[PDB]
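Data block below; observations after.
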Amino acid sequence: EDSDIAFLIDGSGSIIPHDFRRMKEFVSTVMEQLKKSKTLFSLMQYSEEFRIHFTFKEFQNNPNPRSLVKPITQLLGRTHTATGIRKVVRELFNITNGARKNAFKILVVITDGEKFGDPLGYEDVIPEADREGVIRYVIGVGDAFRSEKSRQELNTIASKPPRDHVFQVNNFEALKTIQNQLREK
Amino acid sequence: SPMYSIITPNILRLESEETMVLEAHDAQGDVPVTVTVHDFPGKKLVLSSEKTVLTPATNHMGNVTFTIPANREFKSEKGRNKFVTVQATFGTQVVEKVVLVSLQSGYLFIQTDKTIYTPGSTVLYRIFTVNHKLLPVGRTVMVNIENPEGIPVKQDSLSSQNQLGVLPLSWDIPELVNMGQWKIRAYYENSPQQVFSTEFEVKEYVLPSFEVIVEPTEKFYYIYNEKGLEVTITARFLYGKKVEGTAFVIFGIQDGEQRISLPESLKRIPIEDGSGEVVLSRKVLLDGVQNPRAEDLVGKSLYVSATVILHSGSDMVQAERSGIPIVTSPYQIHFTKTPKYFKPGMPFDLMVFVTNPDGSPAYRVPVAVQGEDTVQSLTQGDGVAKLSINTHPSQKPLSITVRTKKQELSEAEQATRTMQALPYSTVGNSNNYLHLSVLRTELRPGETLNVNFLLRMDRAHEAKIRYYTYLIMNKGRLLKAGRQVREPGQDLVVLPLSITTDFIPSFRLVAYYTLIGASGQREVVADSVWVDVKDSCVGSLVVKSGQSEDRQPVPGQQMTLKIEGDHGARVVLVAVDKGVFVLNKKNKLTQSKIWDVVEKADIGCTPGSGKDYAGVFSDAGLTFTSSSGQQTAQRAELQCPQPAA
Amino acid sequence: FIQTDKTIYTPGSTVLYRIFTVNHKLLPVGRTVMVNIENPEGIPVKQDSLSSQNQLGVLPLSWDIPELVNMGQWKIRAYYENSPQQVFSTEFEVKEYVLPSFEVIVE
Amino acid sequence: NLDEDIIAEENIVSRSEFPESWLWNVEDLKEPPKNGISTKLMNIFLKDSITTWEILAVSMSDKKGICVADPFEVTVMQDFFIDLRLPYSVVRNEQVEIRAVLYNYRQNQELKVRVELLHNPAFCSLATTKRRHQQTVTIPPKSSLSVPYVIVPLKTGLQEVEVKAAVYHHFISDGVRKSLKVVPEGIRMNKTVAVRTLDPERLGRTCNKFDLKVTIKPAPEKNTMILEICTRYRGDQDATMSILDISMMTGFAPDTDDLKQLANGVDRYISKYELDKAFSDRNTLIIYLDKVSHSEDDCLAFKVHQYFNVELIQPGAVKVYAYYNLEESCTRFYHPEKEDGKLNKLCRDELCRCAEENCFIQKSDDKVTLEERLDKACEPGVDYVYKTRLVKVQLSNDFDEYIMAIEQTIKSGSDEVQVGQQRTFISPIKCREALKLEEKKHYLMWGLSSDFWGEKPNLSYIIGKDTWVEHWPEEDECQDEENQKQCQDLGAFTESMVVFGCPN
Amino acid sequence: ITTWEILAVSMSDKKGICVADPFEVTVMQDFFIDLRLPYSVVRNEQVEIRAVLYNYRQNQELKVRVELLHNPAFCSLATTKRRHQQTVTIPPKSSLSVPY
Ligand SMILES: *[C@@H]1O[C@H](CO)[C@@H](O[C@@H]2O[C@H](CO)[C@@H](O[C@H]3O[C@H](CO)[C@@H](O)[C@H](O)[C@@H]3O)[C@H](O)[C@H]2NC(C)=O)[C@H](O)[C@H]1NC(C)=O
Ligand SMILES: *[C@@H]1O[C@H](CO)[C@@H](O)[C@H](O)[C@H]1NC(C)=O
Ligand SMILES: [K+]
Ligand SMILES: [K+]
Ligand SMILES: [Mg+2]
């Protein structure tokens, strides 16, 4: 089977630079320790404006993740989470960027759980990921769990069940649930 | 006093890549620009796309690639038009512009297997989901099967995500059912006011054994034509073998949807080697005259039904040709492809449509404009000549009446049509102009189109214009823009514009230059031209036999099918008995029916130029906004015409 | 052997139905079979004749229920081409209803 | 903007997929067998429907043959959810009722919900585009609440309804999104006169078992009113147990003790729990009757109290039927000023649109300058801006008609208006007095192209949420020093609108 | 025995969409029956029909035996006991129609 892995990081100002560094480094480790067959990686940084830091084509041609992740900055915008997702499903999972049909499609949403200024809601874009069939792993950060409505924003983003998908970034055993879900898949 | 210019479509479609072009004429330094899209009214920042800076290294040009996000905002029942405020900030200067927006996400194309079905049959239909660029998109659609009454008798809600733009469907037709024209309506989830339709007939029938073609020699009836109504009857079996039978032909007249039968006209005619000739004799028609009104008859049409019976006895076929116009004029002239506005003292290029009375083009017809005794021209196979007339430099409205000069026709017959063309108003009527000239011939992707920039002004200013900035608007979007450098003194420059597959089937091209003219005022002159492109697919699809074993097929014979086409492309098939079509051929899917809707979808309103340089952009469907204060008037209507659609 | 997805349907619903063809030794075969869909009146409003070899005795089928249709007890009669007296049946009901939220049991 | 602590409706992924059956699947058993058993594990998705999913299967191997299975049960639910209960055969253009039941299976935690009936242009609801309809409620653990919602099916066919309920100081939200069939009547033959000029210019080349009189009256001495019902049966012999479903005008509750007083009443009974239910969200009441009479009026009445203050109030609803038969029911809606309790809509030959949004664009703001005045006049939406004089007035129950005298066409739009012309502007009856409008007065007015009632030339005008109207006095009525500021901005609005025209 | 139009519709992701020109295909034999059966009929309502033998052989008339088979749901002269046959001679390139 075909392992298509996408990565969506928040860059909003609410992301303190230390949270942000953890994100970039955790992603790079996620890919690194996901060194395994037939896995493809693409990334976009999301805030109030979006910019895909690498596509799948650019990844099959460049396997070194550290080379892909170093140049990434913070955006310091607003937080258009909902809009970011249609940018993931409509662009990253397009055949034009490398997307293969009948592949295991996973989205890694890495944010603190605070959408703001987004004109789009979730009731259009979440059922979209499900009608397209993308299994959504969410990685909350900093104080993504201090508040109540943030952490539920996460389960709102994460596919069900959220206990199996919602994880903190510093936790090192966020991969093994998925690293393993493929070993006989 | 630096000038900042921004340009975008007259209408902004949601969930689609639109482009915005940025230029900074003659302003020093790397110049940053930030554009943001705001609700109208307020500071909602619907979109603020990426950072861009216009460098002298790049001659102060960059563009903005952006897609408008939706926020579920429109109005049902009565429809009010939605708007957004675009905001451009060149460093400190802010240039703002209120733009219309449309919900329409893309296109949807309904294929049924065939045109006509019987009670108890399955209607197989596919639906074709494409974006504004005829590329696959995935949205939910709603499919309704609506009888002649209009009542949905089957409805569904389905998504096209990862179905490659094809939604194979079906619906089973009931034994007890209303006969007539049934519909298939579909529409994207996002944009329901935009309905896509196809009709199909439901009648109790059995396929025949032979087809009958009743076809008159010439497409109309000249009112004084001595020969009368001459018709060639072709009757043949479906495999290509000629039929033996008898024919029964009655005549009738058709007025809009009001039809008047001619019972004395019915004549029985033998069948001669699977072909025939038949005449409505001048002698036949006149006996028992009815509501003759010779002068009045022009403008109506005639229908003729033949009921053909085999010589063996098994199958009878009723065939009919309807819509036969009784003319004084073999033709009709229309100005539908003609610009309404001209550059005074410059050539005026007409695409007059010579039309045969049913709608078909006219082949090898000499035509000319009354007056200008100098020259006459000849119609192509399309019934169109590029009558290029010389304007006299003068601000009188130019009035043109086109007549045909087709030999072997009466001079009264010759078809005529009149229009009036109005001068491009110059700023204070300073009569500094721009003329775009480009040769109008069916342009194929891969051909090079030379673009001619004609500059008209005193020597005081001509050295100032040092490049021209050009723009190609296609299918409702800005496709390419750039600059062609100019050196002081060349009044005319040509851009060898190489034509690509994006340009299909046609496009308009606008362009402009800027300077600081009379009364210290920054001045911009622009001009626009519609260019048609060879109609075809972006890619290509060919079906031929895959067995170099030529032979004619046999019931139950095996066959190998060869499909040649673009790599990775998905191909859906269907094989229909040609015999079906003898009973119905309407709403059959064609590459043509694609393009005809598409061109309807265009936002441009005039084939050419406009009343003034503002009308250029508006008539083309474009917004220009500059830091100086010059910008396009506002567009509040979705449709163009003087009589609305 | 007839499997319908549901036992009761709304006008305008899609009826999904499978037929299992086996001999008296209960083995899947591919053979020619006639399918008759009878309305409450009993009147066969659809028929079809197909063979299942290399469909493994499985005849997956589909029927669109008309919006205007007589409600009541519908049947599915079907038979081998060769043995018409040997007819096998299944019913299914057509009525306008909504799925309930709880059940009621009287004992 | 009172409280910031709820999940936005805009982010409430509803329940979407409710198939009455699915997974018609066909899968093959390729697995290396152990014990003589190939084992297959098909990871799938769980539909947005809360029910136990029964799974039925059949193994057709050519070697052993067919094999039915032991059905499999997958028990699906959430702690807190909704299910929505609708009819099936509803009729377009007829006001109806729905009921939404939120269940709470949390064992010990009560809940406070803000739930919105979601706006739909296919339905005449209380929910305009911009004016939400959010009801706030509280739930006892291991209990569910019935919420009524009366609507008008404005269109035909497969219409979906949505309701999104969000909670406070807790986690989940939910949303129901459920379709059904809407259909037409076709009579349009109500007491027609022989030639009523109903025809257009360009065409052409029901309670049969029950008597039910319900009237809600007011009280003598927050606010309390009387509910009155008056019922009978039409037949040869008296009828069996009849039932009443009664639902509360938004934020209403009956008088707990008069409720008790009535239940001891003859031929009547309401169990204790729906009778000692709490005043917190006591909202829907069911009363069962021993029998009902075919011989005369047996009425009933009792008190209702206002628990929460909102200006606009859903009609109450009362549905009565014999114990055995629901489908031959009779439903009435009540409202004290709305006769027969029906929402205001606007109707022509077979079309209607919902007239229930704010009467006109909100007045009395601190800002009345030219700056905002022009901005709402320079918007593209403004099709027409006129200045007329209130000439005639048709007042009626339904709507109240103001006959306006256009002398000048300031800015025509998609309108072909002649000079010295008389045109019909409408205002709903609920709005009439709020407008403080008098004849003989000039008015400078504006609206949109969408706000035109009819087709040409037998047209009318409608004052909507965003229509702007303002009276214009005479020359002898603006010379006052007090009235300067108004007539100042009137003169400068006009001239700069006139001279400059519209900007674009 | 006729001529089919086969239509191919294709869409790639980048090469847009293309409905190709039709492809005709001609089912035609030397000798065959055209069998002229109504859409429906009424039960117990007698009519005739026609089975038209097409002798599209080149240069030889054709002595054929024309025949029907036994459906006990119809009353014709054919049985398993006694059949219902003519014996007919067809010139080349012609259409002989047998009544039943
Ligand atoms: C907006 O900017 C885009 C990139 O900044 C630009 O895209 C470029 O579009 C041109 C179209 O002319 C393409 O140019 C050439 O591509 C190949 C290159 O070998 C040639 O064979 C062609 O003939 C063609 O001239 C670029 O490939 C394309 N590049 C990218 C990265 O998109 C848009 O054209 C710009 N549009 C506007 C309106 O400014
Ligand atoms: C019939 O007339 C009454 C008023 O007399 C009105 O309330 C009702 O809406 C009308 N019904 C129809 C179907 O027009
Ligand atoms: K045939
Ligand atoms: K249920
Ligand atoms: Mg932030």
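Key figures for this structure:
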{"read-out": "Greater than 27 Å apart at Cα, pairs in B:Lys337/B:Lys611; B:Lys203/B:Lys544; C:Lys75/D:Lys40; A:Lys87/B:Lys78; D:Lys217/D:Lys441", "value": "B:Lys203/B:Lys544; C:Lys75/D:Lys40; A:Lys87/B:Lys78; D:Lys217/D:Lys441"}
{"read-out": "Semi-axes of the equivalent ellipsoid for the protein assembly as shown, Cα gyration tensor, largest first, Å", "value": "54, 52, 40"}
{"read-out": "5 angstrom amide H check on D:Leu448, placed H, neighbours 5+ away", "value": "D:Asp383, D:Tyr384"}
{"read-out": "Footprinting exposure proxy for D:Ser144, B:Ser410, A:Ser3, B:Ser528 (fewest neighbouring C-beta atoms within 10 Å first)", "value": "B:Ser410, D:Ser144, A:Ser3, B:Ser528"}
{"read-out": "Anisotropy class of chain D from Cα gyration tensor, a/c 1.5 cut", "value": "prolate"}
{"read-out": "Vicinal HN-Hα couplings computed from phi for segment B:261-273 (Karplus, 6.51 cos²θ - 1.76 cosθ + 1.60; Hz; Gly/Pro x)", "value": "7, 10, x, 5, 7, 4, 10, 9, 10, x, 10, 10, 6"}
{"read-out": "Non-local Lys pairs in segment D:240-327, i.e. 8 or more apart or on different chains, that have alpha carbons under 19 Å apart", "value": "7"}
{"read-out": "Relative contact order of segment C:1-99, pairs being alpha-carbon contacts under 8 Å that are 6 or more residues apart, as %", "value": "33 percent"}
{"read-out": "Within the protein assembly as shown, helix-based [θ] at 222 nm, where runs of 4 or more DSSP H residues each add -39,500 (n - 2.57), nearest 500", "value": "-2500 deg cm²/dmol"}
{"read-out": "Positive-end residue of D:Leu203, D:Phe171, D:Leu126, charge dipole of segment D:95-220 with Cβ unit charges", "value": "D:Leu203"}
{"read-out": "Averaged over B:534-541, number of beta-carbon atoms from partner chains that fall within 10 Å", "value": "5"}
{"read-out": "Inter-chain shielding of A:113-124 (mean C-beta neighbours from other protein chains, 10 Å cut-off)", "value": "5"}
{"read-out": "Three-way shape label, chain C, alpha-carbon gyration tensor, a/c 1.5", "value": "prolate"}
{"read-out": "Partnerless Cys - chain D, beta-carbon criterion under 4.7 Å", "value": "D:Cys67, D:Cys378, D:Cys502"}
{"read-out": "Computed over chain A: relative contact order in percent, which uses C-alpha pairs under 8 Å that are six or more apart", "value": "25 percent"}
{"read-out": "27 Å Cα-Cα threshold exceeded, pairs from B:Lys593/D:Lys181; B:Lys475/D:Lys155; D:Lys191/D:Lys387; A:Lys36/D:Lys34; A:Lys160/D:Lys142; D:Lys30/D:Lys64", "value": "B:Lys593/D:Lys181; B:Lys475/D:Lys155; D:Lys191/D:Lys387; A:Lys36/D:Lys34"}
{"read-out": "On Cα atoms only, tilt of B:591-600 relative to the major axis of chain B in degrees", "value": "50 degrees"}
{"read-out": "With at most 13 other Cβ atoms within 10 Å, longest stretch of chain B clear of loop chymotrypsin sites (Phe, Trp or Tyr not before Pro) (DSSP)", "value": "B:364-645"}
{"read-out": "Peptide-level mean, for D:49-61, of C-beta atoms on other protein chains within 10 Å", "value": "2"}
{"read-out": "Packing-based ranking, highest mean first, of D:208-218, A:4-14, E:32-42 given that Cβ atoms within 10 Å are counted", "value": "A:4-14, D:208-218, E:32-42"}
{"read-out": "Added length on full extension, which subtracts the Cα-Cα distance from 0.36 nm per residue, B:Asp577 to B:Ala518", "value": "14.1 nm"}
{"read-out": "Under 13 Å from the Cα of B:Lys82 - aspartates and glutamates, other chains or at least 8 residues apart", "value": "B:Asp39, B:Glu73, B:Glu637, D:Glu379"}
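FYI, it's all coordinate maths here, none of it is from the lab. Cβ coordinates were reconstructed from backbone atoms using ideal geometry, including for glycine residues, and neighbour counts include every protein chain displayed.
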